[PDB]
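The form deposited in one PDB entry is given below as one chain in structure tokens.
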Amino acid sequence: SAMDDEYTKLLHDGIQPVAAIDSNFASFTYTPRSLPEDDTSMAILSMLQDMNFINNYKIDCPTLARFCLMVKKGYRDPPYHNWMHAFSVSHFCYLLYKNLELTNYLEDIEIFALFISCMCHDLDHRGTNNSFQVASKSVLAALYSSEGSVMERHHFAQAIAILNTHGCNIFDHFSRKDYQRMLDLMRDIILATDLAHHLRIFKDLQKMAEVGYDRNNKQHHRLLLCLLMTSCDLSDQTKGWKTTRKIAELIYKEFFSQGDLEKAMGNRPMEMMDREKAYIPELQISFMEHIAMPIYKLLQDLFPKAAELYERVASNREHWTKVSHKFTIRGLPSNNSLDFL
């Protein structure tokens, strides 16, 4: 009944103009996690409208309203992999569209697929990684472990199950070829969110950047969609220091909860998931240096207007070194007690 009332307003009230969400809503400086969660579904509609996807693809408004609410309802509430993560990832896709001239690189249907994939790309996440699915013999590993990217295959399958819910197929008027194309793009883009996939294709991304993007090269389109998806997925790191500090807290809370479950199963967790061994500053610097910084450098190499994103990530990485000393206990604890020994 709650979704029904939310649906009724979303459909009949009208789509708010994107500028009424916030004055800097289309800026790389805007933090979409500042928007109250109760306003995010309308914000999704506003972005789809402002990108002209509703008109261009003649999307049925009742179907779109139901679809957006169903996607939102398809996320659980772990500390990090929740609807506010998917919303902020989608918002960054919108920022790329508004700031980087994607229509000079990608087909319209590819840009639309990227945005919809962003909304769906972590559907039904349980706060555990792919290794945990296999180690815990979960149902998801039973379905997908032979293929790899267990969680990402589940996210895609959940997106399809939403489309296959009566009243929710935003694409059901597409031609057969266009429908097939959209679902194939969603498959490739969602599976691209597995960081292991990113690391496998990284040298191909570098080679594409070095030689120059070729808009007539079908493999270049595919590689660019992967890089853009990853850039949206990691985009919290392109914001201010306070955003990245909070996101670190949410990440480690989720990771350490997984590690607690592994220890209760008799398995030694990954160091980054073991609250007794993980040293957060060192781990964030390693993640920033080896994963996040190279991604935004590739993006800057392909889009010179993305330079500010890379500089922000590098700045945040240097901030971690500046605060590292605070993880050492100087003097006595604030309670004046050594009881923790």
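Numbers for residues come from their place in the sequence shown, where the first is 1. By rigid core we mean the largest C-alpha set that fits within 1.5 Å across both forms. Residues that one form lacks are left out of the comparison.
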Inset, instruction - Return whichever of 2-10 and 330-338 has the greater mean Cα B factor according to the PDB record. - result: 330-338
Inset, instruction - Read off the CA B-factors in the entry, average them over 254-262 and over 232-240, and name the higher stretch. - result: 254-262
Inset, instruction - Identify, among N316, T63, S41, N52, the residue whose C-alpha carries the highest B-factor in the deposited PDB entry. - result: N316
Legend entry - Among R76, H197, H85, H166 - the residue whose C-alpha B-factor is largest in the record: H166
Inset, instruction - Consider only the C-alpha atoms of the modelled residues in this chain, order them by B-factor as the entry records it, and name the third containing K177: lowest, middle or highest. - result: highest
Inset, instruction - Using the B-factor values recorded in the entry, state whether the Cα atom of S46 falls in the lowest, middle or highest third among the modelled residues of its chain. - result: lowest
Inset, instruction - Comparing against every modelled residue in the chain, figure out the third that the C-alpha B-factor of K218 lands in (lowest, middle or highest). - result: highest
Inset, instruction - Could you tell me which third, lowest, middle or highest, the C-alpha B-factor of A26 occupies within its chain? - result: highest
Legend entry - CA B-factor placement of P269, once the chain's modelled residues are sorted into thirds: highest
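The following text describes the form deposited in another entry, which does not appear among the structures shown.
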Legend entry - C-alpha displacement of 2 Å or more between this form and the one not shown on the rigid core, among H197, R222, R126, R187: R126
Inset, instruction - With both forms fitted on the core, give yes or no for whether the Cα of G148 moves by 2 angstroms or more between this form and the one not shown. - result: yes
Inset, instruction - For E276, state whether the C-alpha moves by 2 Å or more between this form and the one not shown after rigid core superposition. - result: yes
Legend entry - CA of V211, rigid core aligned, shift of 2 Å or more between this form and the one not shown: no
Legend entry - Pairwise C-alpha change, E147 versus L191, in the other form against this form - closer or farther, 3 angstroms or more: closer
Inset, instruction - Since the Cα separation of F115 and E147 moves by 3 Å or more in the other form, tell me which way: closer or farther than here. - result: closer
Legend entry - Structural rearrangement between this form and the one not shown, runs of 3 or more with C-alpha shift of 2 angstroms or more, core superposed: 124-153, 261-265, 270-278
